[PDB]
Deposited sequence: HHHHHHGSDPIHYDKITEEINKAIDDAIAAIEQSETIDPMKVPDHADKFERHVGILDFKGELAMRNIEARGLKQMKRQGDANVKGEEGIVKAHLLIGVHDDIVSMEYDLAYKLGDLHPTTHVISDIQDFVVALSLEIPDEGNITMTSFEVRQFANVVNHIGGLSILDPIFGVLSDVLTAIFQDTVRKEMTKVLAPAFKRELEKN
């Protein structure tokens, strides 16, 4: 109960220190390119895309979700925590160039992430033992100039959602994990 409150306070301090620092909001994401294939009905889409100038905003709203889940075994306190941005949204903006057949346009994209959540684990004999950005519950993609009824939108939005669940989540983990490690293990 007291250990739970101390861990809550330490987590809140880590969050505040990371947010008071730059690089977290807006957060740069390295450029990413990919080939892709999808099948939409009878249409067989094969093409390539590139995402540049990728920026994530909204992580200044990171907030501990509920008490630290604390359990003590063999004189070591273990705690798992969730930190998220559930009331607000984390938005990714980027320039998208894609090639499909004779189409090679560049457009601007806004991708909204719902329920951005980080799972974290601590051990107190504080050492951080686990840190991950959980899979996104939903990614809403707005691709400039494309109708939501366009099959090209369907393909591009599906490929982009997969890229967010893979590359983007890995890059955000790369940035966030050492920041939290530094703040908590001090």
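Unmodelled regions of the deposited sequence, numbered from residue 1: 1 to 13, 139 to 142, 204.
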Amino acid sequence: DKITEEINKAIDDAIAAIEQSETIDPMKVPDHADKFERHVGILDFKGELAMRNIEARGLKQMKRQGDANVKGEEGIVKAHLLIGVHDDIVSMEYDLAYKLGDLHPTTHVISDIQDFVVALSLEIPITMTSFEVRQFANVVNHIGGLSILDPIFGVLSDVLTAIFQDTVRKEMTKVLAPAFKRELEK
From here on, numbers count along this sequence of modelled residues.
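Once the C-alpha B-factors are averaged per stretch, 116 to 124 and 37 to 45 rank with 37 to 45 first. Stretch comparison (154 to 162 versus 63 to 71) by mean CA B-factor in the PDB entry places 63 to 71 on top. Take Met92, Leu96, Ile83, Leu103 and read off each C-alpha B-factor from the entry; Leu103 has the highest. Per the PDB entry, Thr129 shows the highest C-alpha temperature factor of the residues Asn141, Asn53, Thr129, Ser147.
Ranked against the other modelled residues of its chain, the C-alpha B-factor of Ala14 as given in the entry falls in the lowest third. When the modelled residues of the chain are ordered by their C-alpha B factor, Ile110 lands in the lowest third. When all modelled residues of the chain are sorted by CA temperature factor, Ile24 is found within the highest third.
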